[PDB]
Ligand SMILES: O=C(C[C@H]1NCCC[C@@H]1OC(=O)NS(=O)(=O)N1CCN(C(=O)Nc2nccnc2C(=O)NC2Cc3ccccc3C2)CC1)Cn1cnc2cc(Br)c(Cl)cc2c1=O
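For reference, the chain that follows is the form solved without this ligand, supplied as structure tokens.
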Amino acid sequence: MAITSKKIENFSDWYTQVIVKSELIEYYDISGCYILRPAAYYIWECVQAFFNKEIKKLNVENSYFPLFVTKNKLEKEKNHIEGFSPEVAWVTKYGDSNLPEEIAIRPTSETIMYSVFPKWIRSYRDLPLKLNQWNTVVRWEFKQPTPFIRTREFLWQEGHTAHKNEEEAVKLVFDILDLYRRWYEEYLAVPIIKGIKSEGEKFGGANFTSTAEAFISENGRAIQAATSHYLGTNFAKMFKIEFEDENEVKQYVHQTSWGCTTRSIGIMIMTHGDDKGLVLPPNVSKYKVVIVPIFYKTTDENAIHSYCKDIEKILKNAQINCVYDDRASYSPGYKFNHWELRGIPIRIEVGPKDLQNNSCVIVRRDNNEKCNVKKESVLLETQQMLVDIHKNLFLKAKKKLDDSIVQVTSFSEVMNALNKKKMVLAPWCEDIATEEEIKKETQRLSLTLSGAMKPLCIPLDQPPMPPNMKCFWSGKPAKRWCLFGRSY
């Protein structure tokens, strides 16, 4: 019924409380895995629809290749309940693993896909080839887990393409990346930084890895929001995926992979959450409005029930989903808290002092600003409000993000900024040994999760690099500006 830990002071328990007490998830008694209740799934359905539309515009074609992961990752269920997640249940009776270990570690159809691709691509006429699929996997949950965020249970999407060029493929990679950005912004009202990964933090089979980075202020921790890989000809060469060009001479396809996950949900939740509880941006909230009757002393309760039902009509007629809470058992206060907690964007309160006034009151979930509004304005005003709540969420989020970055030019400044829950943006020479040197040094200077500072991304929107500038670590000429930060 209420939230005991304050977000800014006991973050982890705050998150726990919020997601279980907001009817988002439900834990099974066994395996520590959770049910995505309608409340949670709805979000996924929204972003899923969005993505599908947008990649259809990109001539991506949905499909399904059976997922493979090495047997070893599924043993904990095999011993505990003798059952596996249905999407990868075949991989046990498979026996010996195959082929490269670098991909078998993670559930994917890449192992299968790449295997059948050379038979699908023989001519240049067969390119470009653009596939997508939606996946769900669940393994025996971590001992100390964080739903959406640090968990073995996932619901995600993975795309794969093959091209005649590198230009084609890379363009595509960044197109997808910007779709992930829109994914987070237009729908989860979450801001992210577009960037390229350090050579040590990139995917090994990748030429380069582009990422969307998000940042949790209350933790002072960054977390990867989405990834788009330019794979190059690595796996073409590896799997003999060649085609015959227009001049009719055999050449290697250029591939890309990309994927975003239910992680996004958790990230959203961490971005907008109150001590009051859940705050959904309206696009991903099943009900946009809850309608509450306020009355204690005896009155025409019927008159109100009707007035309210009239508002509910006005709105459900605009395909704006409402819930009217006329429960007799609970105080108007109880209700307030109950739906504030479940993350409903707008609450309309109806009072006897509003039926003779023919108005009502509307309250925003995000800033709890109240206002008085006439009945005929209700629909309009509610709409404009549902837009504004979103813009506002995205703003406060963005500001927090912007405030969490410190531009340093030397290592002196680093640790300070770190302990203030900030990430730094620093002139790096991007040489590799320095990654591990910086990890080890920053781990050694700090007071679950790690304290070592990792290179997160080289952001696409680069600050000018002075001709002089040295790497804040090596003292070599700095190559580019890089985000370092503690992370998930």
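In case it trips you up, residue 1 is the first one in the sequence shown, and so on. Each form is matched to the other, and the largest set of C-alpha atoms that superpose within 1.5 Å is called the rigid core.
Separately, the form deposited with this ligand bound exists; it is not shown, and the next lines address it.
Asker: Overlaying the pocket C-alphas and bringing this ligand over as found in the deposited bound form, would you call this site open, or blocked by 3+ ligand atoms sitting within 2.4 Å of backbone or C-beta?
Answerer: Blocked: 3+ ligand atoms clash with backbone or C-beta.
Asker: Sort through 402-410, 377-385, 363-371, 157-165 and report the only stretch with a non-hydrogen atom within 4.5 Å of this ligand in the deposited bound form.
Answerer: Stretch with heavy atoms near the partner: 157-165.
Asker: Is this ligand close enough to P107, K143 and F203 in the deposited bound form that each of the three has a heavy atom within 4.5 Å of it?
Answerer: The answer is yes; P107, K143 and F203 each reach this ligand.
Asker: Is there a heavy atom of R152 no more than 4.5 Å from a heavy atom of this ligand in the deposited bound form?
Answerer: Contact with this ligand, yes.
Asker: Would you please decide whether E87 lies within 4.5 angstroms of this ligand in the deposited bound form, comparing each non-hydrogen atom pair?
Answerer: Looking in the deposited bound form, residue contacts with this ligand include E87, since a heavy atom lies within 4.5 Å.
Asker: Whether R139 contacts this ligand in the deposited bound form should be assessed with a 4.5 Å heavy atom distance threshold; does it?
Answerer: Heavy-atom contact with this ligand at 4.5 Å: present for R139.
Asker: If you check in the deposited bound form, is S285 within 4.5 Å of this ligand, heavy atoms only?
Answerer: Taking the distances in the deposited bound form, the answer for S285 is no, it never comes within 4.5 Å of this ligand.
Asker: Can you work out which of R342, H272, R347, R263 has a heavy atom no more than 4.5 Å from this ligand in the deposited bound form?
Answerer: It is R263.
Asker: Between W183, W258, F243, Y307, only one gets a heavy atom within 4.5 angstroms of this ligand in the deposited bound form; which residue is that?
Answerer: Among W183, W258, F243, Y307, a heavy atom within 4.5 Å of this ligand in the deposited bound form occurs only for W258.
Asker: Have a look at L425, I438, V69, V47 and give me the residue whose C-alpha moves 2 Å or more between this form and the one not shown, with the fit done on the rigid core.
Answerer: Result of the superposition: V69 is the only one at 2 Å or more.
Asker: If the two forms are fitted on the core, does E101 show a Cα displacement reaching 2 angstroms between this form and the one not shown?
Answerer: Yes; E101 is a residue whose C-alpha shifts (by 2 Å or more) between this form and the one not shown when the cores are overlaid.
Asker: Just checking, between this form and the one not shown and with the core aligned, does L58 shift 2 Å or more at the CA?
Answerer: No, the C-alpha position differs by under 2 Å between this form and the one not shown.
Asker: Relative to the superposed rigid core, does the CA atom of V91 travel 2 Å or more between this form and the one not shown?
Answerer: True for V91: a C-alpha shift of 2 Å or more.
Asker: Tell me whether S198 and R106 end up closer or farther apart in the deposited bound form, going by their C-alpha atoms; the shift is 3 Å or more.
Answerer: Farther apart, which means the C-alphas of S198 and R106 are at least 3 Å more distant in the deposited bound form.
Asker: Relative to what is shown, are the Cα atoms of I103 and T211 closer or farther apart in the deposited bound form, where the gap shifts by 3 Å or more?
Answerer: Farther apart, by at least 3 Å.
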